[PDB]
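Presented as structure tokens, the chain that follows is alone, the form deposited in one PDB entry.
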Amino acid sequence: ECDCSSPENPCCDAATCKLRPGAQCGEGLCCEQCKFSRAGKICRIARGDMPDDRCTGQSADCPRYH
């Protein structure tokens, strides 16, 4: 299938709809110019006692903190 949901997304090669050379991602709160965000970048402000969600340094999603 495709690495980018949209054919407009320049993070993917138009021909293959796979990520372009160098690229690690095409979308998500932890994607920055087709690269993963640095490990520990805050990606979701938490409320109550909960810790903030942070980037993994190895994926483009913002995960629940673990």
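Residue numbers here begin at 1 and follow the sequence given.
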(request) State which stretch shows the higher mean Cα B factor in the entry: 20-28 or 51-59. (result) 20-28
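Just so it is clear, the following notes concern the form solved in complex with a partner chain, a form of the same protein that is not shown.
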(request) Would you please decide whether residue 13 lies within 4.5 angstroms of the partner chain in the bound PDB entry, comparing each non-hydrogen atom pair? (result) no
(request) Consider residue 21 of the chain shown here, and say whether it contacts the partner chain in the bound PDB entry, taking contact as heavy atoms within 4.5 Å. (result) no
